[PDB]
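Asks: Return atomic coordinates for the entry below.
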Amino acid sequence: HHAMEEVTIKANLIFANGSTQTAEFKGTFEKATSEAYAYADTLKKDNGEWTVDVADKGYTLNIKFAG
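Replies: Residues are numbered from 1 along each chain as shown. Below you will find the coordinate block:
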């Protein structure tokens, strides 16, 4: 039985120069997680490629952009 509660995935976006931005995605776990990464992807054009460190049991995504 997989978790079907509506949850919030927090994306802590960290840019190359150290600046940050936080966005959150609400929905079932995997759907919301995929949406968080999809959002990060829209920022690659101006911020470069990203890497991630998953925290808080998967509810926090620390996404760092390179460059």
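Asks: center of this structure, which residue is that?
Replies: residue 11 (3.5 Å; C-alpha atoms, centre = their mean).
Asks: is it true that that residue lies in a strand?
Replies: Yes: judged by DSSP: H, G, I helix; E, B strand; the rest coil, residue 11 forms part of a strand.
Asks: residue contacts, it?
Replies: 22, 23, 24, 25, 36, 39, 40, 61, 63 (C-beta atoms under 8 Å, 6 or more residues apart in numbering). Where you see a C-beta, it was placed from the backbone N, CA and C, and this is true even at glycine.
Asks: which of the residues you listed are buried?
Replies: Among the contacts of residue 11, the ones that count as buried by 16 or more other C-beta atoms under 10 Å are 23, 25, 36, 40, 61, 63.
Asks: Which pair of those spans the longest distance?
Replies: 25 and 63 (12.0 Å; C-beta to C-beta).
Asks: residue boundaries of the helices in this protein?
Replies: Remark: helices assigned in the chain by DSSP state H are 29-42, 44-47.
Asks: which of these is buried the deepest?
Replies: With neighbours taken as mean count of other C-beta atoms under 10 Å, the helices of the chain reach their highest mean count in helix 29-42, at a mean of 15.
Asks: gap between that helix and the chain center?
Replies: 6 Å (C-alpha atoms, centre = their mean, to the nearest Å).
Asks: So what touches it?
Replies: So helix 29-42 is in contact with 2-3, 7-9, 11, 13, 23, 25-27, 50, 52, 58, 61, 63, going by C-beta under 8 Å, 6+ apart.
Asks: Figure out which of the helices of the chain is closest to residue 18.
Replies: Going by C-beta to C-beta, the one of the helices of the chain nearest residue 18 is helix 44-47, 12.3 Å.
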